[PDB]
Every structure is written in C-alpha cells, then in structure tokens.
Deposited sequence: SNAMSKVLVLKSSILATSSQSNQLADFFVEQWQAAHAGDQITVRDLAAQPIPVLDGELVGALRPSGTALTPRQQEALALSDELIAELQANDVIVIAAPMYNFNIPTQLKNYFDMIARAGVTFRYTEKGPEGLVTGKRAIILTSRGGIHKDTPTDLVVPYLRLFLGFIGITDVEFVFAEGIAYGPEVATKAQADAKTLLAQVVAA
C-alpha cells in the first residue's frame, strides 16, 4: 500500500492500439517495481462516457429540480469518476493524438470530471483546483498543441505534477516478440522509477 494507481485508456484501436500496448507495459513495469501498489484500469473506449450535451450539462450543476433518467445517470457517473480520481495517487493517462486533439473518449471523461465546486472552485483570488496531491503520467504520441492543453486542463483541477512520455515509435506495429516490451522498458524507466 504505497500508491494507488489509476490507468485511463482512451484509444479506439483496442488491442492493436499502440497506446494501449504501452499502457499495459507500464502496468507490468510498475507492478514489478512497486509490488504492493494497487493498480486499477478504466478503459474509456470499452466503457464509453457520454457526450456532454445540453441535457447533461444541466445535470452536472446544482439545480434542485427533478432530473431525467439520463441526467441522473450522468450525475452519478460524474460523481463516480471524480471519486475514483480523488481515491488514486498516480493517474496514468493514455492520450494518443487524433486529428490534432485528444480522443473524444478522453475528452468526454474530462467533461464529466471538470465541475465547478467539485474539482475546482472560484475563490476571491481566482480559481483553484481541488484534485490535490496527485502525480499524472501522460502516455502520448508526437508529430503539438495536445501537450500544453493537457498540462493546462490538469493544472486547472489541481494537478501540477504532470509528466509526459512520447512513444517515439515504440509498439507502433508488427514486431518480433519481446522487442516492443524491451523498448518500452527503456522508455518508461524514468516514470516507473
């Protein structure tokens, strides 16, 4: 019981995903280096988060009105995702670049967790994040506005320890066995240690 680690997968390419392969290598390496740690994984493609629309945005703010079933479900989901984030110490986010942005799968997660009065709040001296004491490790790809955006968003909710890892080709495609794993060990050595 040294750290609780939450891994967020967002790729839409399932098991052939480069970033999912990297996330799995990360998990293996973390387990080996930190035997007592509790790792959990949320796959945002396998269990999609709904799109923030007019109906759902109303569910996420204080109202006091009766809510539709889908509103109730979104509010409960948001609460669950936020509790999950707060319960973990290390947040590993697999965020491949899709059309110069993050995957929508991850964006929908962000739109559920960014809630005023819950994960940030306004004070007399500006906004402050309420998700404190976290370490975030971002597994991404490069070719880049996604990186400063991730730093800004995570910072806004209180996460300033944000560490980016760029898959410089590791686990790209067809590869003799053992090779991607070894290359990933080299890549992830810094963040795992």
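Mapping the modelled residues onto the deposited sequence reveals missing stretches at 1-2, 146-153, 204.
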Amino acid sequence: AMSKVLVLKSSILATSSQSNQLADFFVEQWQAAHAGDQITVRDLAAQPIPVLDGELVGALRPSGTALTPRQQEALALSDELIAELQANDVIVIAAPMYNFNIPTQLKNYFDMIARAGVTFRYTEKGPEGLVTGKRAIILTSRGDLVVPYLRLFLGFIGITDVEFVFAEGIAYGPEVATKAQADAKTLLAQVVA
From here on, numbers count along this sequence of modelled residues.
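Averaged over their C-alpha atoms, the temperature factors of 116-124 and 81-89 are higher for 116-124. Per-stretch averaging of Cα B factors for 58-66 and 33-41 places 58-66 on top. Ranked by C-alpha B-factor against the other modelled residues of its chain, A177 falls in the highest third.
In the deposited entry, the Cα temperature factor of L13 places it in the lowest third of its chain's modelled residues. When the CA B factors of the chain's modelled residues are split into thirds, the value for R142 lands in the highest one. The entry lists a Cα temperature factor for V165 that places it in the middle third of the chain's modelled residues.
The entry lists a Cα temperature factor for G129 that places it in the middle third of the chain's modelled residues.
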